[PDB]
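# An overview of the molecular structure
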Amino acid sequence: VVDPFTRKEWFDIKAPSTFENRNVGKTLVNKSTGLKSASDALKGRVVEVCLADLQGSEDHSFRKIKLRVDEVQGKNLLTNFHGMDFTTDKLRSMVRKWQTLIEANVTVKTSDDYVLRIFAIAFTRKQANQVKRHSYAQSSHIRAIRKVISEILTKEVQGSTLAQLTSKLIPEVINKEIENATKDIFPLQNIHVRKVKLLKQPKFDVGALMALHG
Amino acid sequence: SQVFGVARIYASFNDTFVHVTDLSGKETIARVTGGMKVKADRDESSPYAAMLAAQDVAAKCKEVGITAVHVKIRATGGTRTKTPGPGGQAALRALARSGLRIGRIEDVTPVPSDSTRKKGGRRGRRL
Amino acid sequence: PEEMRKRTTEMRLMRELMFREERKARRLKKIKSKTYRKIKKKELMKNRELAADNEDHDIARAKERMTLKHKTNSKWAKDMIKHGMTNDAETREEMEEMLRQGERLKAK
Amino acid sequence: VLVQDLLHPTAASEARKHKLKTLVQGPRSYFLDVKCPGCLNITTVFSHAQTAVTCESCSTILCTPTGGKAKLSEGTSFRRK
Amino acid sequence: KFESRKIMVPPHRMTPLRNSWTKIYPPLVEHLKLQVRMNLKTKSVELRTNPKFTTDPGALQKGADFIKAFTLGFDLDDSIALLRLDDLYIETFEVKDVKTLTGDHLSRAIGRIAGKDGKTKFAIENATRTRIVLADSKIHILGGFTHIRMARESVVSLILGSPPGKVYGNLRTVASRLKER
RNA sequence: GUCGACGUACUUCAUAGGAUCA
RNA sequence: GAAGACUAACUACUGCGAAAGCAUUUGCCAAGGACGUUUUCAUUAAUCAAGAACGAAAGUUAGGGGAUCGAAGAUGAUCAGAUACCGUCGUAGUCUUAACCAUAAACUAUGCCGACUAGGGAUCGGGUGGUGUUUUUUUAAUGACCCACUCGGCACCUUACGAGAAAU
Ligand SMILES: [Mg+2]
Ligand SMILES: [Mg+2]
Ligand SMILES: [Mg+2]
Ligand SMILES: [Mg+2]
Ligand SMILES: [Mg+2]
Ligand SMILES: [Mg+2]
Ligand SMILES: [Mg+2]
Ligand SMILES: [Mg+2]
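Now for a look at the structure at hand.

Here is what the cut-offs are and how they apply
Residues numbered from 1 in each chain as written, not as in the entry; some residues may be left out. Chains lettered and ligands numbered in written order. Part of a larger assembly, values for the part shown. Heavy atoms only, no water. Helix = DSSP H or I, 4+ residues; strand = E, 2+ residues; numbered from the N terminus. Buried < 20%, exposed > 50% of the residue type's maximum accessible area, 1.4 Å probe, protein only. Areas by Shrake-Rupley, 256 points an atom, 1.4 Å probe, with all protein chains shown as cover. Near = heavy atom within 4 Å. Polar contact = N/O pair within 3.5 Å; in protein donor to acceptor, adjacent residues only side chain to side chain. Contact = heavy atoms within 4.5 Å. Nonpolar A, V, L, I, M, F, W, Y, C, P; charged D, E, K, R; others polar. Core = buried A, V, L, I, M, F, W, Y, C linked by side-chain atoms within 4.5 Å. Buried area = accessible area lost by both parts, 1.4 Å probe. Salt bridge = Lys/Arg side-chain N within 4 Å of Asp/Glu carboxyl O. Pairing = 2+ DSSP bridges. Axes fitted to C-alpha atoms, helices over the stretch in contact; angles between N-to-C directions. Patch = residues over 30% accessible without salt bridge, like charges linked within 9 Å, V, L, I, M, F, W, Y side chains within 5 Å. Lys, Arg positive; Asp, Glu negative; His and termini not counted. Charge placed at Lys NZ, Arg CZ, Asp CG, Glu CD. Parallel < 35°, antiparallel > 145°, perpendicular 65-115°, else oblique. Left-handed = near helix turned anticlockwise from the far one by under 90°.

## Some details on the overall build of chain C
Secondary structure summary: chain C contains five helices and zero strands in total. Helices (α) and strands (β) of chain C occur, in sequence order from the N terminus, as α-α-α-α-α. Across its three principal directions, the C-alpha atoms of chain C cover 75 × 40 × 25 Å. The buried share of chain C, reckoned over its 108 residues, is 12%. Accessible surface, chain C: about 10100 Å² in total, of which carbon and sulfur atoms supply 53%.

Next comes the structure, spelled out in structure tokens:
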């Protein structure tokens, strides 16, 4: 008695500034009736885009991004950054037997005060004339690596707002800094950051959001 | 050019749900189960029932605007099996043979950093 | 040079061969269960006979007559017999096996 | 070679065995003599120290303890006694 | 209509892939009209359908199923059977998904599923027309839907404790009531 | 009370193996 | 978003602990073995009836908590076979604080301390050696490997000169 796709109106999701393919896609709402206007029903969705499909690359085939809609104008709805993650299949394929897994997280507050928690993973490796077959670390190394990784994530987040942190996460610079600063301690292949997730978005401040797609 | 939507394929023992939503996830455009397409209850989960399910969804969504899907396929997960059975892959096959464009297959079952008990007792459940 | 890298991959493949064999042998060392060991011994003696001089036999017979080790005055057998324990037919299997082995040795 | 003399073992054999297992046991450390650059005078230092041996006059440091042989500070000269 | 897949290769099946590649790229290219490429700089096979040559839309997923079934551990010819027919699926489960076993108990459970000299495993395959590979603990079964439910029910009756002689007997009864149909 | 748990006393079941011959 | 358990893959019956046992990070508290030692005391030792500390899971007393699974119970089915004898809700329990109880295939179906007896390859911890490799700072120096050795652990192979009826 309805056929609901007679009344829903398409919109289109636009990425933020700090991405190449700014266009993302379309979405449905409902027609904007008086008594439940549409715009108050869009303003909390999160969208998952796999950032290859957002940066043209293909070595970014893992690392989904979550973008959150915060503003709407005239069949454009403008988004933000909600978090970042790996696809579960890469993560299942890193973790292997006969090696050890170092992981670390931290909670950190940015310049624009977004409180966010950021993860990090790393694995040891067999130095290229090692014959013995496993190469675990000695767990007094692992606390040194965990402290190093945590100090670098703490330092390198909060000297940035969010957009800067985002575009330090796309070219994977944090990986190279971890790698350099942690190879007198132990060899340590396969450094990543594997997740970041927001916990406190501060207060709205339209100025930043309309400064991204400006 | 294209319009994309997501196709979430829950693949349980005793059914397969082919859901098709938008990117955002909230608005749904096409749910069919496997149960709507065979009235015998022998085989709600049979691959043939899954095929019929997926063909119906592909038709219905092609009648909306939607020409391509990313697929997210999942088994029960939790504290049961964690890998899609035959019902999910029969739905996937018969969805790719439909003129939809498929991109970015993944697999999201829920997997616990170890969790609560499993139904069944000390002696294992099914036999 | 680069031939060192050849050397390392050779010692790597020896080490993992060693590790797979050692893992197998550990798991088998834990299985003591006299039917499983009995089966493995039976088909071993079969393969030994298929695949793979009197003086050694005369020395063996001489030591067996000197020693008389395979008769029921031995501690295990006299224990089993004198306490009615060999009427159960498995330990009677074992006792008869002892006796025929000794009888193989004493044959000429 | 099942007669190589237990009463006369070659010094390679006695040189690789543990110190308590040679024929007549004895220590394996040594005392070594040390001059810091700044002064001229010298002091004797056990090879396996457990105290950071300050130099006597120019009182700085000469060795630091380790789990084994002492780690001599690099600005130093030494001669085994 | 240009489209792709990319499926990863775990390292214990990377030697037999580059060791049996010569029989793999042909019946993916001519018979299927499909454009392979194996990346090594991320250890993964990639496939793409090229819009000109191809006819069957199900070719891309047919090839992806084929390579993936080679990935999980099944030998070449069996995966070829997955490439040809239209009635072949794989079901994977665990040993901790039936009954929580660990320690020595789990290595003895895999000993009952595999049998000595493989015999018990082969019996389950031969009387059900399925193919079982038995990984570290995860167990993978390839066949047609009814057959793999028969072989799943025998394997799960073997994990839980039943001896292997009982499962030979019940297996040959299943074989009788299978071969007639 | 054809009662239970013991404590004494007694009974009974599990014995054939190889070699040759027919 | 709330709640209470649990710490997957890595994970190797390898590591640690008198055993039971112990697996997310960070700090604090006190303890421990092995190694190193041209330190120190100088027989202070070994095994132990009485006596004492701890002792999985279940179980009791009194509070707290009560997500999940779930002895008892209630119900659905009882459809030839059940081969494929189970579904649904679930009290006690499971968690925790303070006292009880003191048992297990508590297993190596194997008392503790000391001596001797054979060959090998691996692995964990400590130490010694090396104009070996990388980590270069710009050459060092640690760290990571490689090779030789040695003490102390958990295991494995091959042979007995030996032991057993045999498995070993
Ligand atoms: Mg006592
Ligand atoms: Mg208790
Ligand atoms: Mg309790
Ligand atoms: Mg209570
Ligand atoms: Mg319940
Ligand atoms: Mg007590
Ligand atoms: Mg125990
Ligand atoms: Mg007892």
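## Concerning the protein's contact with RNA strand G
What surrounds RNA strand G is a group of 67 residues, the closest being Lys 97, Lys 183 and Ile 185 of chain A, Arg 125 of chain B together with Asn 170 of chain E. The sugar-phosphate backbone supplies 72% of the atoms of RNA strand G found within 4 Å of the protein. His 134 of chain A has a polar side-chain atom sitting 3.4 Å from a sugar or linking oxygen of RNA strand G. Taking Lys 183 of chain A, its side chain carries an N or O atom lying 2.4 Å from a sugar or linking oxygen of RNA strand G.

## Topic: the side chain of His 140 of chain E
Position of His 140 of chain E relative to the elements: it lies in strand β6 (residues 139–143). Excluding residues that lie within four positions of it along the chain, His 140 of chain E makes contacts with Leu 72, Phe 74, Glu 91, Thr 92, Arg 131, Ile 132 and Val 133 of chain E.

## What about the protein's contact with RNA strand F?
All names here are of chain C. By nearness alone, every residue bordering RNA strand F is listed as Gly 84, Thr 86, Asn 87, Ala 89, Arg 92, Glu 96 and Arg 100. Here the atoms of RNA strand F within 4 Å of the protein split so that 60% fall in sugar or phosphate, with bases taking the remainder. A distance of 2.3 Å is found between a phosphate oxygen of RNA strand F and a side-chain nitrogen or oxygen belonging to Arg 92. Taken together, the residues that form the surface near RNA strand F break down as one nonpolar, three polar and three charged.

## A word on the nonpolar core
Residues and elements named next belong to chain A. Core analysis: the biggest nonpolar cluster contains 49 residues, and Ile 65, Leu 77, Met 84, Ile 118, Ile 149 and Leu 153 have the highest contact counts within it. It is helix α4 (residues 142–157) that contributes the most residues to this core, seven residues altogether. Not counting the four nearest positions on each side in its chain, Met 84 is found in contact with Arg 63, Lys 64, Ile 65, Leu 169, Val 193, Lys 195 and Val 196.

## Some words on the interface of chain A and chain B
Accessible area lost when the parts come together is the quantity often used to give the size of an interface. Listed per partner, the contact involves 22 residues of chain A and 16 residues of chain B. Between chain A and chain B lies a buried interface of about 1600 Å² when both sides are counted; carbon and sulfur atoms form 50% of it. Three residues, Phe 5, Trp 10 and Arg 45 of chain A, lead the burial of chain A against chain B; their summed loss comes to 29% of the area buried on that side. The tally of links between chain A and chain B comes to five salt bridges. For the salt bridge of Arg 104 of chain B with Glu 58 of chain A, the shortest nitrogen-to-oxygen distance reads 3.7 Å. Elements with a minimum of two residues in the side of chain A that touches chain B: β2 (23–28), β3 (46–50), α2 (52–55) and α3 (88–94) of chain A.

## Details of the sheet that holds strand β1 (residues 3–8) of chain E
Two orientations exist for strands paired in a sheet by backbone hydrogen bonds: parallel and antiparallel. All names here are of chain E. With antiparallel pairing, the three strands of this open sheet are ordered in space as β1-β3-β2. Either end of the sheet is taken by a strand with one partner, and the two such strands are β1 and β2 (35–39). Geometrically, the sheet is characterised by an average inter-axis angle of 20° between neighbouring strands, direction not taken into account. Note that β2 and strand β3 (residues 44–49) share five bridges and pair antiparallel.

## Overview of the arrangement of the chains
Contacts are most numerous between chains B and E, taken over all five pairs of chains that touch. Note that chain B does not reach chain D: the shortest distance linking a C-alpha of one to a C-alpha of the other is 40 Å.

## Some words on a positive patch on the surface
Side chains of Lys 97 of chain A, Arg 23, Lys 24, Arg 27, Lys 29, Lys 32, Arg 37 and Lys 40 of chain C together with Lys 116 and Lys 119 of chain E sit close together on the surface and give a patch of like positive charge. For the positive patch, the elements supplying multiple residues, two or more each, are α1 (3–29) and α2 (34–51) of chain C. Ranked by residues supplied to the positive patch, first place goes to α1 of chain C with four residues. If you trace the backbone, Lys 116 of chain E turns up in the loop between α4 (104–114) and α5 (119–126).

## Observations regarding the packing of helix α2 (residues 59–72) of chain E against helix α3 (residues 76–84) of chain E
A packed helix pair is summarised by two numbers, namely the angle formed by the two axes and the spacing between the axes. Residue and element names in this part refer to chain E. Put simply, α2 and α3 touch, their axes get as near as 8 Å, and they point 160° apart. Judged by the angle between their axes, α2 and α3 are roughly antiparallel. Two packed elements cross with a definite hand, and for α2 against α3 that hand is right-handed. Here α2 contributes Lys 62, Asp 65, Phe 66, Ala 69 and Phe 70 to the contact with α3, which in turn contributes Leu 76, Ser 79, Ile 80, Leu 82, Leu 83 and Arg 84. Residue composition of the contact of α2 with α3, grouped by class: seven nonpolar, one polar and three charged.

## A few points about unusual backbone geometry
At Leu 188 of chain A, a residue that is not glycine, the phi angle is positive and equals roughly 70°. By the element assignment, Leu 188 of chain A lies in the loop between α6 (173–181) and β9 (189–192).

## What about the interface of chain E and chain B?
With 25 residues of chain E in contact, the opposing surface of chain B contributes 27 residues. Summed over both sides, the interface between chain E and chain B buries roughly 2200 Å², with carbon and sulfur atoms accounting for 49% of that surface. Interface area lost by chain E to chain B is led by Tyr 89, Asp 97 and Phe 145 of chain E, which between them contribute 24%. Across the contact surface, chain E and chain B share two salt bridges. For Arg 93 of chain B, the salt bridge goes to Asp 65 of chain E, with nearest N and O atoms at 2.5 Å. In terms of residues, the side of chain E that touches chain B owes the most to one element, helix α6 (residues 145–159) of chain E, which gives six residues. Partitioning the side of chain E that touches chain B into residue classes produces eleven nonpolar, five polar and nine charged.

## Quick word on a nonpolar patch on the surface
Residues and elements named next belong to chain C. Where nonpolar side chains cluster on the molecular surface, the patch consists of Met 11, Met 14, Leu 17 and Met 18 and spans about 410 Å² of accessible area. Tracing the chain through its elements places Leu 17 in helix α1. Here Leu 17 falls in the exposed class, since its relative accessible area comes to 54%.

## Some details on the sheet that holds strand β1 (residues 31–35) of chain D
Residue and element names in this part refer to chain D. Sheet architecture is open: three strands sit in the order β2-β1-β5, paired in antiparallel fashion. In this open sheet, the two edge strands, each paired with only one partner strand, are β2 (42–46) and β5 (77–80). On average, each strand axis in the sheet is inclined to that of its neighbour by 30°, with strand direction left out of account. The sheet contact formed by β1 and β5 spans four bridges and is antiparallel. By the bridge assignment for β5, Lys 35 is matched with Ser 77.

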